[PDB]
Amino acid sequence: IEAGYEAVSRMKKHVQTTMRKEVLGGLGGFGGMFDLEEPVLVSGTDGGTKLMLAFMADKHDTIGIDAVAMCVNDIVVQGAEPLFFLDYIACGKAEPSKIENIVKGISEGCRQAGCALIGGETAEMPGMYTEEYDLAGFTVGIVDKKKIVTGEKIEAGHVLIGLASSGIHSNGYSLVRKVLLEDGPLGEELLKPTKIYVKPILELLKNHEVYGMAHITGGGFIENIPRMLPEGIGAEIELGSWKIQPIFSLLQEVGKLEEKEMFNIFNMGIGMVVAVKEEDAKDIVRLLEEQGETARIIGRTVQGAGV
């Protein structure tokens, strides 16, 4: 039905809700190009188990933020400015409504991340799938060479700032399920999408000297925080300097899991960390609150190793 696809195409006045000036516009901007000091490109892609909730709940308008989230947060942590987004939706038989729903959510993370949805595609893959689909994302960011923050300016004792997560985000969702497969509202919280920190960082970097940043994905703080730390340097979190979610405290009891254990799977209520010079932590903490983020002095840098 090429008619239904007609009115399915016009439906993407969604993508334009992501558009930026730089887009030498194709469709609504779909298919177009991106117009471009000492320019360096930063790219990323991200295909998680968090999709399982969506298949069941049959609710797909927010799963595409997480995606955008998991791509763009990792580019901006290198102080790069996200420009455009490409999506790949592997599909049994495209449910014209489902597709549109999922791209309704992609264009919402794109708006927030402040990048254009210049392209993407729905794959009719007859056989692999029945209520399922896979969602992939691709991103390109830009940075000035001498401005890349790659935390080698991380000196012992810097104040560590932690920006507030909305819940699980995109990781741990297999342990979540087993824990509450071992057990028995739940789903609205677990369908909570991953926060995007792109805009507030950018205006942060525009104002302050950011020593280093990290995105709390991987295996919790322990994987990710040291990740930014330089040799002979460390990171000590003052437990109780931020508000941890009922979700996390919840899985802590239910599965009866260990603290240090959970800290290596789950964000434990904190989505991102940037290292800051003790004399500035105050007003930049202020600045981010000014950005609608939950900033807090989570701990500090030390000379050593780990968390």
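Heads up: residue numbers just count along the shown sequence, starting at 1.
In terms of unmodelled positions of the deposited sequence, the stretch from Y129 to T130 in this entry skips 1 to 3 residues. Deposited sequence between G184 and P185: 10 or more residues lack coordinates. Taking only CA atoms, the mean B-factor in the PDB entry is higher for 90-98 than for the other of 90-98 and 104-112. If you average the C-alpha B-factors over 66-74 and over 237-245, the higher value belongs to 237-245. Of the candidates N207, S165, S174, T139, the deposited coordinates give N207 the top C-alpha B factor. Out of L27, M272, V42, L51, the entry records its largest CA B-factor for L27.
Among the modelled residues of its chain, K146 has a C-alpha B-factor that falls in the highest third according to the deposited record. In this PDB entry, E223 carries a Cα temperature factor that places it within the middle third of its chain's modelled residues. In the deposited entry, the Cα temperature factor of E124 places it in the highest third of its chain's modelled residues. For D134, the recorded CA B-factor ranks within the middle third of the chain. Only modelled residues enter the ranking.
Ranked within its chain, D280 lands in the highest third, by CA B factor from the PDB record.
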